[PDB]
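At position 3 of the first sequence (counting the first as 1) the number is 496 in PDB author numbering, and the numbers step up by one without a gap. Note that the Cβ used here is the ideal one computed from N, Cα and C, for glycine as well. Following: one structure in structure tokens, then a few remarks.
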Amino acid sequence: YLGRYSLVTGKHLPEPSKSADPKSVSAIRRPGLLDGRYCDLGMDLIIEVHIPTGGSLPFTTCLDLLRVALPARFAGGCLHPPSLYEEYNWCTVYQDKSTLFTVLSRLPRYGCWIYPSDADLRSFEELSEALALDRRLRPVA
RNA sequence: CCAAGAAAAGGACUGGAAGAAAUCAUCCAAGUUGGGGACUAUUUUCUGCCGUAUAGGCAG
DNA sequence: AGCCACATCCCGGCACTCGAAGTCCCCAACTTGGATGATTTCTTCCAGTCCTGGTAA
DNA sequence: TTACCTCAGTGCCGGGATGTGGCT
């Protein structure tokens, strides 16, 4: 789900990790420069979790472990939880489709859900026509 | 276990000078707001003595 | 046909009403005629510097 | 070291009881 999307201009400067000469030189050079594109995100995820064992562990302990397991890296950038001074339960679990869907219907109108497409495209010209006709269609990797 | 893993763009700076928006002008004519009506009830405030006294002070 | 488990079912029981005036009805809402001319819209000079290749002679 | 190369209602609540359906 996409709530915020901001494009950032410019490009990163590399660390001076390369000596100017291998020996008898006290000068440091810059490896080289690349031209990329970066952005800041705000997003929610809904993961379908399954436990093979007949007896499950729906406990506070597991909610702590779900907070610990969360990676710090995402899409090459840095991932953070919501700020501490305004913290609420950002890591809830549902075992009912009716309760979960009801809560999701309340999301702000200016955000986007991203769904899989049906169309089969074999060229950029076919993509050009599909994009001219729809307004909801986007190419992705 | 993410076109994966690591990363300091920094240092300095004078926009200035000068100016005439002006002349003219007719909003008018007519007009029916009207007819009817309960603030008191299950109220609480009585009965006396002193004092010239509808003044002022008192017991029950 | 006889025996046992599990469904509900109806009477006795229990708890609530709850303070505490009323505030006007109905029908109509304007026609006509015109919106100005003549003139002009700036000129001088300037527009940084340095670092951040791979490959083979 | 260097050179190269791009656009009168109602709502729970207890408790004993009436009655029933399946197995032997």
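Listed in chain order, the alpha helix (DSSP H) runs fully inside the region 568 to 612 are 590 to 597, counting runs of at least 4 residues. When C-alpha distances from residue 593 are compared across 501, 540, 522 and 605, the shortest belongs to 540.
Annotated three-state conformation of residue 624 is helix, per DSSP. Judged by DSSP secondary structure, residue 500 falls within the beta strand (DSSP E) whose first and last residues are 495 to 501.
Excluding the 5 residues flanking it on each side, residue 531 has same chain C-beta neighbours closer than 7 angstroms at 501, in chain order. With a cutoff of 8 angstroms on beta-carbon distance, residue 522 and residue 504 are scored as not near each other.
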